[PDB]
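Residue strings, one per chain:
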Amino acid sequence: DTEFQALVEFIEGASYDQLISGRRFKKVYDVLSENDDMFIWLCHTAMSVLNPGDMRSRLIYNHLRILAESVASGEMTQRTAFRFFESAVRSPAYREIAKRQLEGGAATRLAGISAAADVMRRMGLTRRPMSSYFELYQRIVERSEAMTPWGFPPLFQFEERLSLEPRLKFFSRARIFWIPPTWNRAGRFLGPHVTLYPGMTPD
RNA sequence: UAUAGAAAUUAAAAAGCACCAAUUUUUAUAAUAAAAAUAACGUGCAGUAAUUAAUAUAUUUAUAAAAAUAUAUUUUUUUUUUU
């Protein structure tokens, strides 16, 4: 266990220098957040809103299950996996299945994320054998991907462009977005090398 | 540029009257070319007041590398508009 070892090193350091410094907390924030359970929970909460009887949803379910198992094995990197996930999410078949599950009313997504937590426990997709149920509780009681009505985190990178155009007011109407260098006075440290994002301010 | 942390962001190319010998000009009256002069091209101290929107066309003034007048186009940073 490297996380308990880093916690032991944090306790020994905080007892040594008798203050809460910036180095040790950054070290244990980097150790406790090395897990890829976020993307596995993304794929499994996308699998939860599907239909176990429809063959198209069976194809999407097996595709996202293979994607999550390839992420947990370390054979596929995170960026290409995110490309695969956003290509599977932006398809109109998955969005139509999510709309049908919204129009149902007695939706099976709660049993979906519960079986997802059981699968992540059984297949070893977590760091601790009982951490998936606390992560399920965290997905339920907080604003997350599980409370979204379509089953993905609500960023504009996971929503279609033809729905992005009439809603949002971006730079010019009728990829990586940048500030053009005509703005010589944008902010204090803002410039052309500072990227901007459509639906969020990451600053 | 800001009702002065412009201690910020900045290469997405804004350009080629005198000075420098591709050349050019003048003349011989009953005598008929060898004498003189001028290079071609682009700058040019022209500024400041924390001065000063820019570009294009036309006209007038010897601050002419300047300045003024008459139109057109562009520049707005989101609290006005949306086939």
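Anything mentioned here points back to the structure above.
A.B. asks: I'd like a description of the overall build of chain A, backed by residues and values.
C.D. replies: Helices and strands together make up the secondary structure of chain A, namely nine helices and two strands. Tracing chain A from N to C terminus, the helices and strands come up as α-α-α-α-α-α-α-α-α-β-β. Its C-alpha atoms put chain A at 60 × 55 × 30 Å along the principal axes. Of the roughly 14200 Å² that chain A leaves accessible, carbon and sulfur atoms contribute 58%. Positive and negative charge centroids in chain A, built from 27 and 23 side chains respectively, lie 8 Å apart.

A.B. asks: Quick rundown of the packing of aromatic side chains? Include the residues and the values.
C.D. replies: Two aromatic rings, taken as a pair, are described by how far apart their centres are and by the angle between their planes. Applying the stated criterion to the full structure yields seven aromatic pairs. Here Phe-170 and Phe-171 contribute two aromatic rings whose centre-to-centre distance is 4.1 Å and whose plane-to-plane angle is 25°, an arrangement assigned as stacked. For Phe-171, a relative accessible area of 44% puts it in the partly exposed group. Members of the aromatic cluster, joined through ring pairs, are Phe-39, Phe-82, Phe-85 and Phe-158. A cation over an aromatic ring shows up here: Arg-95 above the ring of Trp-150, its NZ or CZ 5.5 Å from the ring centre.

A.B. asks: Which residues make up the protein's contact with RNA strand B, and what are the values?
C.D. replies: Around RNA strand B, the structure places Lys-169, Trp-183, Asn-184, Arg-185, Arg-188, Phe-189, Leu-190, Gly-191, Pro-192 and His-193. Backbone atoms, meaning sugar plus phosphate, form 65% of the atoms of RNA strand B positioned within 4 Å of the protein. At 2.3 Å from a sugar or linking oxygen of RNA strand B is found a main-chain nitrogen or oxygen belonging to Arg-188. Taken together, the residues that form the surface near RNA strand B break down as four nonpolar, three polar and three charged.

Reading guide: rules and limits
Residues numbered from 1 in each chain as written, not as in the entry; some residues may be left out. Chains lettered and ligands numbered in written order. Part of a larger assembly, values for the part shown. Heavy atoms only, no water. Helix = DSSP H or I, 4+ residues; strand = E, 2+ residues; numbered from the N terminus. Areas by Shrake-Rupley, 256 points an atom, 1.4 Å probe, with all protein chains shown as cover. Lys, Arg positive; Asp, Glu negative; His and termini not counted. Charge placed at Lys NZ, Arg CZ, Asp CG, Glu CD. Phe/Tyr/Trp six-rings, centres within 6.5 Å; stacked < 30°, edge-to-face > 60°. Buried < 20%, exposed > 50% of the residue type's maximum accessible area, 1.4 Å probe, protein only. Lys NZ or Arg CZ within 6 Å of the ring centre and 35° of its normal. Near = heavy atom within 4 Å. Polar contact = N/O pair within 3.5 Å; in protein donor to acceptor, adjacent residues only side chain to side chain. Nonpolar A, V, L, I, M, F, W, Y, C, P; charged D, E, K, R; others polar.

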